[PDB]
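# Architecture at a glance
Next come the chains, spelled out residue by residue.
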Amino acid sequence: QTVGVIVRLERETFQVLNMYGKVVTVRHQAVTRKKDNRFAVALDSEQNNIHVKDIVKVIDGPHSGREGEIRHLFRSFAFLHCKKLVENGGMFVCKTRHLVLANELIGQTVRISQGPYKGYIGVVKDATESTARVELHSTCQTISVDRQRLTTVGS
Amino acid sequence: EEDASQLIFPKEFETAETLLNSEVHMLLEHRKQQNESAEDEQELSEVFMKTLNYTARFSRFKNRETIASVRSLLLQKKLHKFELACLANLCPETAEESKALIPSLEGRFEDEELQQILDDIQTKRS
Amino acid sequence: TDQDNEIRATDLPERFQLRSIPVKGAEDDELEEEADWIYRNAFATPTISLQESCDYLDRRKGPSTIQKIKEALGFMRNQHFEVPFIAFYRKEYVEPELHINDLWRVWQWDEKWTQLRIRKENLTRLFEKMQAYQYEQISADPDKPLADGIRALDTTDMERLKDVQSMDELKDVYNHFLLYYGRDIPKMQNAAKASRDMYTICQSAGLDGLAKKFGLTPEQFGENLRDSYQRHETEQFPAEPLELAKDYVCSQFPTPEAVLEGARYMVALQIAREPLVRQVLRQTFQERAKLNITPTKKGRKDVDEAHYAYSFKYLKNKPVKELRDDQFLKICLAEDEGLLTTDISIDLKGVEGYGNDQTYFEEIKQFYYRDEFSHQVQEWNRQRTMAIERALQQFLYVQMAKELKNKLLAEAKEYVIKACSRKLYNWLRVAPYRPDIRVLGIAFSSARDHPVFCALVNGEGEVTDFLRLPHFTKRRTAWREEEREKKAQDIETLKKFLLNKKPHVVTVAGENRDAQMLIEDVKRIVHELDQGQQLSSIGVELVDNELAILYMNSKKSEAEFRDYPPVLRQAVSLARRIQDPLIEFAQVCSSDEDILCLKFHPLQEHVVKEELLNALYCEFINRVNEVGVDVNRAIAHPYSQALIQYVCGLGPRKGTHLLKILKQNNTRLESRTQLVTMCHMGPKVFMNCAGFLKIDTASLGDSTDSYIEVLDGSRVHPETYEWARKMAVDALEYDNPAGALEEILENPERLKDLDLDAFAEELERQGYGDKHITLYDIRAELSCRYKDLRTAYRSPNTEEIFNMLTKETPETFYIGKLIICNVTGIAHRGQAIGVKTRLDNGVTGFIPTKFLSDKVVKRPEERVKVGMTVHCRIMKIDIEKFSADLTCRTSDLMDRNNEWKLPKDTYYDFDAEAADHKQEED
Amino acid sequence: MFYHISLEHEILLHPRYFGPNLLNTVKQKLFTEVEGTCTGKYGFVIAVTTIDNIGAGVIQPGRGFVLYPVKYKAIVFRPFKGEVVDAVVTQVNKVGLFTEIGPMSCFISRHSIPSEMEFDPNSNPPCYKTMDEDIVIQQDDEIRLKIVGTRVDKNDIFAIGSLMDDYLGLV
């Protein structure tokens, strides 16, 4: 239920900052590493898209008039970073809402059934939601053809 | 390796000057008024708020004229900026008290002159 | 450490030893004074703010409670009886005025009395030493009158110190002492050892003599304030204030005006420091204080309708008495956060022209005034007016306002702690589940892919088997075929598991709204089994999983079941909780402050941690002692050993040592006497814990060759074992004790025929005191031994189910609240009636077409799409169906008429709010 | 120790702010940056009196950001080791006393406290008092503390004080 960021390092104990913002002590073995969400979505008061490493201002919430860089993201919480802040090793946590702005066809064999390439056959190497790349068996060349002009050849 | 025991301070403090709690408070409150009159300004730091209330509480002289008079009185004496600022913002009540507070003080200027100076400081204090 | 060994060996209650101030015997006079002081300051002192009584044991008190408090003081201080022991075996002395909680309050105020006594002793020694050192100067030269600066530390001052009844008065006395003698104390120290600020400026300059010519002494003026009239007439002097000032003019005070200024300061400071003046003004503030709140630049925009400080964003002339519950705590928290600034004053603000608007200063101006028109009198009157004006505004108003603010905040924190205690008591009062035991705890995660884990526990809470259902969270009515097949397969697997294990009750975690779906699936399976009569009825319960989650997080669960996944661990915890909430709560809440992890009050983090922990552990001690603790059960089941620490007079240390000795000897607690003969328990600790420790004699059986006392498995104290035997003999009307006791226990119906009143008179005649309550308790125990007094377990009601699943309370989910919802579809009935939305808490919102926009809506399809987010205002709440009416009209969101916003404070300064945002607009 | 110096700071200005109010933005950013900075060399920075000058902005090759060196007279507070200074108690307990000198948080240990003062846990507000009880030090009081130790802490110096010397106490 709770995820935190290690803010202080010590010989025996750890001081991990959880989403709630408080500091709790744990040991080395008990704490287990969690992967960081390199690409995550969230929400804010302004109703604008907010990503990671985005300068934001805490106009409301636990902190007032505080600026930081997002390092980890949660559904309703976010971890901010700074270098001027003595408390919590420069790392604090604030709510995302309180924060404000400051494939299935790949590998199949297809026949082009329309257009100037009608009759040609190739293998899809990478198909986008609307267009697909077909390597032609005959011309030694890969071309981009609208997916509406393709029909998969069944065995 | 810098302190009032040896008075050895860096070139930056050698060049620059010292300020007292009173005048520091006056400047800080003036800047507070300036930023308050300013609109759509960054919210000023709680650290300066803290220093402001501290200096206001420990403000020994309540007026610019009193600050100027005490400053001139201190200047009259052949005293270093560090010692002058320390004695003024501490307002030692007695010559022995001032000697104890400032080790460099004793052996520099003699006791009755020190007592007269600190009594003048007290009289300036309102 | 050696301290633990010393506590283990000492024949005193462990908590008594652990008390910061050691418990010492109290004389009769000290007990009487302490009892009266406790009654006055703990039961007979109404709070300034509106605080409702938290007493829940009762299913105020007068002077009669003073004697009960004295009896309790005697029991703890002298007889070293803990509060549970007094409340359970000394009821005749403390009840009905004092209950167990009241006895705890008395114990706490006993500590407060002890500390106050120590401080009074220290100040008395200082005062006597000062009296002697000051008299030393008079002794050498008695002829020379004392200088005006040397006040007399007379017996009046000594008695005033002796009359202190509170810390505030003690401080007033100390400050008054320091004002006059503070300068000379270092000389006092030097003299005693060898024999074995702005004030000093005026003292050195001699302005004190002029300060004495103003007309009255500080004590006289304080008396005038106390009596609200000119009790002492100000003495007038011929010379004008300036004329006397020039006499005292010197280098320190050159101008006569400066001389007068210094004298006025001396008068003002003396008036402020007069203890009588401080007491009178303290009462005035406690009677007429008002609170004013003005938001800061930050709060003018941050304190919106959803903020907890919105209600008291602006306050004007709100009496402190109007503050209720933790309102002051919230106000203080907002000030701490910089959202607003508070002010406590005794005069109305911005209420000019109101009848009798004169400030307290104007009211008391005539108490230090001379009614004459002579010019000299007028000058002296002006000097007096300015002196008092400075005394009040500079010292008294600030200090008294701060004191009142501290008192109000303390009251609010006490209320919050009381609420936390109430919640813990309610949680711990739930009795073991009684089928109309084997418990199957089912836990699941909010994720769809996550499985469902079922843990089966026998009657003693030991995990015997578990079941994993990968696709139990899926709906059996899902349109997809594979999903229906997976759900069906899990259904049959659970059907067979239930058929074979035959659990008595199944508890399902209240993780989210899907818990209801799991409840329905389990109930349907059980219904099928009862339909075919292959299995008896199995109780189905929905259980809050907060405690199970805490156990899952605790490293203890990992040690006990390393291979069991977290969901299975919390399933085990839920089954244990329903089996016995008290044992589960005690085991889950360890000494690592895991109890604070539970959400008792929203502001539980803003109160004193020690007070909250002490109250919570007091609730645990009260419940543990009431229920009783079985040592043999604890030994055989380590997870239940956590109740021994809460047992009266044992504590964690003695309890652990008791288990250590029992396991070292590889024996059982066959009888209570073994606690002394074998465990070498001191007589006082045995007295405290013997009646709260239960031994299951029937479980002991014939294996115990030593004599087995049947009464050992009853609340009947060993001291009253003979009384119980006599009661049994009289019940059977014999004309042996161990035969009669056994027969009456088998057939206790004959107990009602007993005339316990006569036995009461006989005991009083032979010197045992009033024991009618004890006799009634003994008879009840004989009728039923260790009958459980906890409230019978009942399934959660609709309100509790809604709170457990949605994690919402009326305070946070109310009509008019602004919320965010996601569209999940269109409500149909072609024809449509509105838009269906799902909230993050599981509540299904509905937006009618008319409320879908300010203007008329033709088709909702273009207005909203599936998955779009809409800001809506709550109109109606249906907790039973987890539904909520919503409106997204722009006008509704604006709420110009303030119809949807929460109620504001009664003294809300609407004029200030209007001016503030009008200037903001400008 | 409160002081006034003329310091130099270089600030990088993004070309976005190359408008008519360039200098105003420069000074504003200088305030936002230097204000409140605590450095080992110059102690703490209390406020900025004035801007001495704005050296000619240089245009960094390959980056439109313009480097402006700005001199400015600003107030600082750099304590030392062995200097009596006024302090404000902020919390009293058994371990030691806590006091404040502007931004710097100082503290007093049971060694720095003379042998006369004792721990009184029974005291509802923790306090340091001797048998004579002549001087009692509680929260919010003014004490004269000779600094003893100093230490940089995440670009924020914290000092430890003492009052073992004669007369060092409430007045």
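Sequence positions in this view are assigned from 1 along each chain in the order the sequence is written. Entry numbering can differ, and residues without coordinates are absent from the display. All chains are assigned letters beginning at A, and all ligands numbers beginning at 1, according to the order in which they are written. In this view, a larger assembly is represented only partially, and all stated values concern the represented chains. Neither water nor hydrogens contribute to the side-chain values; these are computed over all heavy atoms in the structure.

Convention followed: UniProt positions are given in the numbering used here, feature names are shortened, and annotations may be inferred rather than shown by experiment.
Chain D goes by DNA-directed RNA polymerase subunit in the PDB entry, where it is assigned to Sus scrofa domesticus. Under its PDB record, the entry appears with the title "Structure of the transcribing Pol II-DSIF-SPT6-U1 snRNP complex". Recorded under Sequence similarities (unreviewed entry), the UniProt text for chain D is reproduced unchanged: "Belongs to the eukaryotic RPB7/RPC8 RNA polymerase subunit family."

As recorded in the PDB entry, chain B goes by the name RNA polymerase II subunit D, listed as coming from Sus scrofa domesticus. Chain B has a UniProt comment under Subcellular location (unreviewed entry) that states "Nucleus". Here chain B is described in UniProt, under the heading Sequence similarities (unreviewed entry), as follows: "Belongs to the eukaryotic RPB4 RNA polymerase subunit family."

## Points about the overall build of chain B
Quick note on the threshold: In this text, helices come from DSSP runs of H or I with a minimum length of four residues, and strands from runs of E with a minimum of two, each type numbered from the N-terminal end. The contact definition used throughout considers only heavy atoms, calling two residues in contact when any of these lie within 4.5 Å. To measure how exposed things are, a 1.4 Å probe is used in the Shrake-Rupley method; for residues, cover is taken only from the protein chains shown.
Helix and strand counts for chain B stand at seven helices and one strand. In chain B, the succession of helices and strands from N to C terminus is α-β-α-α-α-α-α-α. On the principal axes, the C-alpha backbone points of chain B span a range of 55 × 35 × 20 Å. If you take every contact in chain B between residues at least 6 apart in sequence, the share linking residues at least 24 apart comes to 60%. Looking at chain B as shown, the accessible area adds up to about 6,600 Å², and 54% of this sits on carbon and sulfur atoms.

## Notes on the sheet that holds strand β6 (residues 77-81) of chain A
Within a sheet, neighbouring strands are paired by backbone hydrogen bonds and run either parallel or antiparallel to one another. We apply this condition: Criterion used throughout: strands pair if DSSP finds at least two bridges between them.
Pairing within the open sheet is antiparallel, and its five strands lie in the order β7-β6-β5-β4-β8 (chain A). Each having just a single partner strand, β7 (91-95) and β8 (100-101) of chain A make up the two edges of the open sheet.

## Some words on the interface of chain B and chain C
Rules: Accessible-area loss on putting two parts together, using a 1.4 Å probe and summing over both, is the definition of buried area adopted here. Throughout this description, the term salt bridge denotes a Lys or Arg side-chain nitrogen within 4 Å of a carboxyl oxygen of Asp or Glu.
Tallying the contact residues gives four residues for chain B and six residues for chain C. Between chain B and chain C, roughly 440 Å² of surface is buried when both sides are summed, and carbon and sulfur atoms account for 46% of that area. Three residues stand out in chain B for area buried against chain C, namely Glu43, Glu93 and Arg125 of chain B, and they jointly supply 56% of the buried area on that side. Applying the counting rule to chain B against chain C returns zero salt bridges.

## Focus: the interface of chain D and chain B
By convention, interface size is frequently given as the accessible area that disappears when the constituent parts associate. Taken together, the contact between chain D and chain B spans 40 residues of the former and 32 residues of the latter. When the two sides are added together, the surface that chain D and chain B hide from each other amounts to roughly 3,300 Å², 63% of it contributed by carbon and sulfur. For the chain D face of the interface with chain B, the top three residues by lost area are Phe2, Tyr3 and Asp86 of chain D, together amounting to 19%. The tally of links between chain D and chain B comes to six salt bridges. A salt bridge links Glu12 of chain B to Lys41 of chain D; its shortest N-O distance comes to 4.0 Å.

## A word on the nonpolar core
For clarity, the cut-off: Side-chain atoms within 4.5 Å link the members of a nonpolar core, which is a set of buried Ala, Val, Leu, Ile, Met, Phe, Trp, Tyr and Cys residues. Between buried and exposed lies partly exposed: a residue is buried under 20% and exposed over 50% of the maximum accessible area for its type, with that area taken using a 1.4 Å probe on protein chains only.
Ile38, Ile69, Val106, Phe328, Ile595 and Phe620 of chain C are the most contacted members of the largest nonpolar core, which has 136 residues in total. When residues of this core are assigned to their parent elements, the largest contribution, twelve residues, is made by helix α20 (residues 375-428) of chain C. Apart from residues lying up to four places away in sequence, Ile69 of chain C is in contact with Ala35, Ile38, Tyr39, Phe43, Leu98 and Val106 of chain C. Judged by nonpolar contacts, the second largest core, of 82 residues, contains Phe13 and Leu118 of chain B together with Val92 and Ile157 of chain D.

## Quick word on helix α5 (residues 81-90) of chain B
Judged by how many residues are buried, α5 of chain B sits mostly within the fold: nine of ten residues are covered. Looking at α5 of chain B, one finds that the buried residues are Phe82, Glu83, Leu84, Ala85, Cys86, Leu87, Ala88, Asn89 and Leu90 of chain B. In the core, the buried residues of α5 of chain B are packed alongside β1 (17-18), α2 (21-37), α4 (64-76) and α6 (95-101) of chain B together with β6 (84-92) and β11 (142-152) of chain D. Just downstream of α5 of chain B, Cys91 of chain B is the residue with a positive phi angle, here 50°.

## A word on the pairing of strand β9 (residues 109-112) of chain A
Residues and elements named next belong to chain A. Alternating positions in β9 separate cleanly, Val110 and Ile112 being buried on one face and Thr109 and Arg111 remaining unburied on the opposite face. For β9 and strand β10 (residues 121-127), the ladder comprises three bridges, and the chain directions are antiparallel. Bridging from a neighbouring strand, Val110 pairs with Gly122 of β10. The pairing of β9 with strand β13 (residues 150-152) spans three bridges and is antiparallel. Looking across to β13, one finds that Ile112 is bridged to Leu150.

## Section: the environment of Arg715 of chain C
All names here are of chain C. Threshold: The definition of a polar contact used here is a pair of N or O atoms within 3.5 Å, where within protein one atom must be able to donate a hydrogen and the other to accept one, and adjacent residues in sequence count solely through side-chain atom pairs.
Mapped onto the elements, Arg715 comes out in the loop between α33 (697-700) and α34 (721-732). The class for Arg715 is buried, based on a relative accessible area of 14%. Sequence separation between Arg715 and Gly628 is 87 residues, and the spatial gap between their C-alpha atoms is 8.3 Å. Beyond its immediate stretch of four places on either side in the chain, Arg715 contacts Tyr89, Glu626, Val627, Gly691, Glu781, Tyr786, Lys787 and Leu789. A polar contact of 2.9 Å, which involves the side chain of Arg715, links it to the backbone oxygen of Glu626.

## Section: the UniProt feature "domain: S1 motif" (unreviewed entry) in chain D
The UniProt feature table records "domain: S1 motif" (unreviewed entry) at residues 80-162 of chain D. When the span residues 80-162 of chain D is considered, its composition is 0% helix and 48% strand, and the gap between its end C-alpha atoms is 13 Å.

## Quick notes on the sheet that holds strand β7 (residues 97-101) of chain D
Residue and element names in this part refer to chain D. How we decide: For helices, the fitted line uses only the C-alpha atoms of the stretch in contact; every axis is such a line through C-alpha atoms, and the angle between N-to-C directions lies from 0 to 180 degrees.
Here we have five strands laid out as an open sheet, ordered β8-β7-β6-β11-β12, and antiparallel in their pairing. Edge positions in the sheet fall to β8 (104-108) and β12 (157-162), since each has one partner strand and no second. Across the sheet, the mean angle separating the axes of adjacent strands is 55° when strand polarity is ignored. Pairing of β11 with β12 involves six bridges; the strand directions are antiparallel. By the bridge assignment for β12, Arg151 is matched with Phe158.

## Structural notes on the pattern of salt bridges
All names here are of chain C. If you walk through the whole model with that rule in mind, you get 77 salt bridges over all chains. Here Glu223 makes a salt bridge to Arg231, at a shortest N to O gap of 4.0 Å. Overall, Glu223 belongs to the buried group, its relative accessible area being 14%. The salt bridge partner of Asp580 is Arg790, with a shortest N-O separation of 3.4 Å. Of the two residues, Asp580 and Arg790, both sit in the buried class. Several salt bridges converge on common partners, so that one network encompasses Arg19, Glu30, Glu34, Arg77, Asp110, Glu111, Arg117 and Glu121.

## Thoughts on the packing of helix α23 (residues 546-553) of chain C against helix α26 (residues 581-588) of chain C
All names here are of chain C. Put simply, the rule reads: Two helices cross in a left-handed way if the nearer one is turned anticlockwise from the farther one by less than a right angle. They cross in a right-handed way if the turn is clockwise. All amino acids are sorted into three groups, where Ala, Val, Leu, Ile, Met, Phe, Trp, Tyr, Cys and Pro are nonpolar, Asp, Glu, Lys and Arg are charged, and the leftover types, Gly among them, are polar.
Axis separation between α23 and α26 bottoms out at 10 Å; the angle between their running directions is 35°. Regarding α23 and α26, the two cross each other, and that crossing is left-handed. Contact residues: α23 offers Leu547, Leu550 and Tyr551, while α26 offers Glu584, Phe585, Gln587 and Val588. Taken together, the residues of the contact of α23 with α26 sort by class into five nonpolar, one polar and one charged.

## Some details on the domain arrangement of chain D
Residue and element names in this part refer to chain D. Convention followed: For the domains described, the bounds stem from an automatic or database domain assignment.
As assigned here, chain D comprises domain 1 (1-80) and domain 2 (81-171). In this structure, domain 1 and domain 2 have C-alpha centres spaced 36 Å apart. Contacts between domain 1 and domain 2 engage nine residues on the former and twelve residues on the latter. Taking both partners together, domain 1 and domain 2 bury about 810 Å²; carbon and sulfur atoms supply 74% of that area. On the surface where domain 1 and domain 2 come into contact, there are zero salt bridges. Across the domain 1-domain 2 interface, the total number found is zero residue pairs in polar contact. Mapped onto the side of domain 1 that touches domain 2, the elements with two or more residues apiece are β2 (38-39) and β3 (43-54). Class assignment of the residues belonging to the side of domain 1 that touches domain 2 gives a composition of seven nonpolar, two polar and no charged.

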